[PDB]
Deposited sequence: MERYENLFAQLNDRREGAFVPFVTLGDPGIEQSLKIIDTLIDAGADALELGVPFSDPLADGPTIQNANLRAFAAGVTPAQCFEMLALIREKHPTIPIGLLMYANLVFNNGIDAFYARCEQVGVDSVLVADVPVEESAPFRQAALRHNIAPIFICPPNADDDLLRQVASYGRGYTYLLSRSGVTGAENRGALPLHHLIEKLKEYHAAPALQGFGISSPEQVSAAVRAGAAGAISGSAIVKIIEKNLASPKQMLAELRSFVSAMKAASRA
């Protein structure tokens, strides 16, 4: 729940925008994923968006699909994710952690049991990528019960009824989709209406590449911008030169966060 309120509230005074990186837990190995998340934070990441490896990523294009394949070769189960998550929180007590999930992984041993270990591990929000607002009820009711922020997507093709629903249901932040498709490092009116309905701080979606895109997003009305594509490509590229990976990572996060004002 709370960590987000503080971040947006203190970012507000800094007249900064949030820069949330996205990374798959486990890609390419436990120890080395954990060093990537500390390097990200220490380079300027305002919050984290973390994905747990699912076999059938319906909303994820190729980099993230390869990323999942990577944690899967590394042996990262659901439970070793939760084990990493409690470790991240144990050493970074304040940064908001959001989880990017697929529905079956949440449903497996009970929806409520899932939100319960999330609360136990110190996770703040959960976005379930394939549960639309109209099927969300047991998911949002279980998250509210464990003080987990239910994140919803607001797509390009959104209408009023939906905008008021996601404004009434979501908490933490609103994922605002800036394109269509599935994730990749290739390929304003809505924001005001959100702010009229008093929805959570819209962060921007798929298709953020440009450092200036963050700038654009921030003055356009968005409180911050999420990026995963980019971050992962580097993990894929410099995977043989680990120190160099860390280094270029440290560079883009610094570089993107540096662009987070406009």
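Residues 188-193 of the deposited sequence are the only ones with no C-alpha coordinates in the structure.
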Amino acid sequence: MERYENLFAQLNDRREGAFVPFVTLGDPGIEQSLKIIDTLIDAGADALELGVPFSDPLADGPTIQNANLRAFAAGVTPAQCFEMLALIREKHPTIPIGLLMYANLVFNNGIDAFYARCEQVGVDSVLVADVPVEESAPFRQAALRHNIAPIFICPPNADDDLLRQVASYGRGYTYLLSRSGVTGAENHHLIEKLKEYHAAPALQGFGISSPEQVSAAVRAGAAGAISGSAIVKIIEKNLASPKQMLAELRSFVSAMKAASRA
From here on, numbers count along this sequence of modelled residues.
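Note that the rigid core is defined as the largest set of C-alphas that superpose within 1.5 Å between two forms.
Farther on average from this form in 8 other deposited structures of this protein lies stretch 57-65, the comparison being between 190-198 and 57-65 by RMS Cα distance after core superposition.
Of the other entries compared for this protein that flank it with modelled residues, all give atoms for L85, so not even a third lack it. Among other compared entries that model residues flanking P96, every one gives it coordinates, keeping it clear of the one-third cutoff.
The question of which stretch, 48-56 or 192-200, has the higher mean Cα B factor is settled in favour of 192-200. The PDB entry reports B-factors from which the mean C-alpha value can be compared for 17-25 and 238-246; the larger average falls on 238-246. Looking only at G122, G170, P155, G184, the residue with the top Cα B factor in the deposited structure is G184. Looking at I41, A223, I208, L69, the one whose CA carries the top B-factor in the deposited record is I208. Remark: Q141 belongs to the lowest third of its chain, ranked by C-alpha B-factor as recorded. Per the deposited record, the Cα B-factor of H92 falls in the lowest third when ranked against the other modelled residues of its chain. Split the chain's modelled residues into thirds by C-alpha temperature factor. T77 is in the middle one. Ranked against the other modelled residues of its chain, the C-alpha B-factor of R117 as given in the entry falls in the lowest third.
In the PDB entry, a CA B factor belonging to the highest third of its chain's modelled residues is recorded for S180.
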